[PDB]
Structures are given as C-alpha cells and as structure tokens.
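In the form solved without the partner chain, a lone chain appears below as structure tokens.
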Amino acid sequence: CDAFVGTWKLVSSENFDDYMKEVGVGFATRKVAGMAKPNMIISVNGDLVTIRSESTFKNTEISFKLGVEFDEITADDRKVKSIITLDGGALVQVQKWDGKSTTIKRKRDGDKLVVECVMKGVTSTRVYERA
C-alpha cells in the first residue's frame, strides 16, 4: 500500500453527520467530530500497516496486518472487530459490533485519498490531499 503512505489533511466532507447518525453517534460527539479537520498519517513497517488520525480532540491509531481480524476502539468509543484487505488497489475495512457492520473504503483518486463510509445505505465521502 505504498500509494497510501504519507500525511493527508481533510479537504471536504459530504454526508458525514448523516453517517454518524446511522452509526448511532450522539449529538455532542457528532458536533465535535464535524468541527475536527483531522490529519491522517499512514505508514507501513514490514507486514504491519498503521493508520493514525490526529485532531485537537482525539487521536486514534490502528496497526494491523492485511487480512487478520483485530480489535479496534473507534473515536466514538465503540469496541469493534475490524478486518482490512487490499482489493482493487483500495483498502477495504469492515467493522462489526453488536450484530451490525459498516464498511470504510480508502482509495486513491488522482492525487487525492478518498474515504467512503457506508452504513445501511447512507454513504459519506471525505476527500484528503497531501499535507
């Protein structure tokens, strides 16, 4: 996933508050989240890929091997089981918790990194450019 390595800064977001509503995130956290303009830092070391999101409010960090299910605690504090695979040049993440699931796809589009989040038919698109 060499095309993903770097530091990325958020440029635009579409429907992210609707996505968070569908995921069940509360009002106060949804308002903090929409004020954040996180930076995403992706790095690879051997077999382990690390994705870090940094903001004034909350930093998150996950390190994983592609194809191996792992425990993740999301920024909104859900404890989920995640698995990320490399498919068609995109990182596809599925998170499962309480009988629910959501898909987060990170893909390159031109010189940008695009994050698509889908929860029960609601789709959010967030576009990042290199910092």
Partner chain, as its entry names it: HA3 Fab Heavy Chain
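If you superpose the two forms and keep the largest set of C-alpha atoms that fall within 1.5 Å, you have the rigid core. Numbering follows the first chain given and starts at 1.
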> After fitting on the rigid core, which stretch moves more in 9 other deposited structures of this protein, 96-104 or 27-35, going by C-alpha RMS?
Replying inline: 27-35
> When the C-alpha temperature factors are averaged for each of 29-37 and 75-83, which stretch ends up with the higher value in the entry?
Replying inline: 29-37
>> Mean Cα B factor from the PDB record: higher for 95-103, or higher for 62-70?
In response: 95-103
>> Comparing recorded Cα B-factors across 109, 14, 22, 116, which one is largest?
In response: 22
> For residue 50, does the deposited CA B-factor place it in the lowest, middle or highest third of the chain?
Replying inline: lowest
>> By the recorded C-alpha temperature factor, relative to the other modelled residues in its chain, which third is residue 1 in?
In response: highest
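Below: the form deposited with the partner chain bound, not depicted.
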> Do residue 25 and the partner chain share at least one heavy atom pair within 4.5 Å in the deposited bound form?
Replying inline: yes
> Should residue 29 be classed as touching the partner chain in the deposited bound form when contacts are defined as heavy atoms within 4.5 Å?
Replying inline: yes
> Considering only 81-101, what residues come within 4.5 Å of the partner chain in the deposited bound form, judged by heavy atoms?
Replying inline: 97, 98, 100
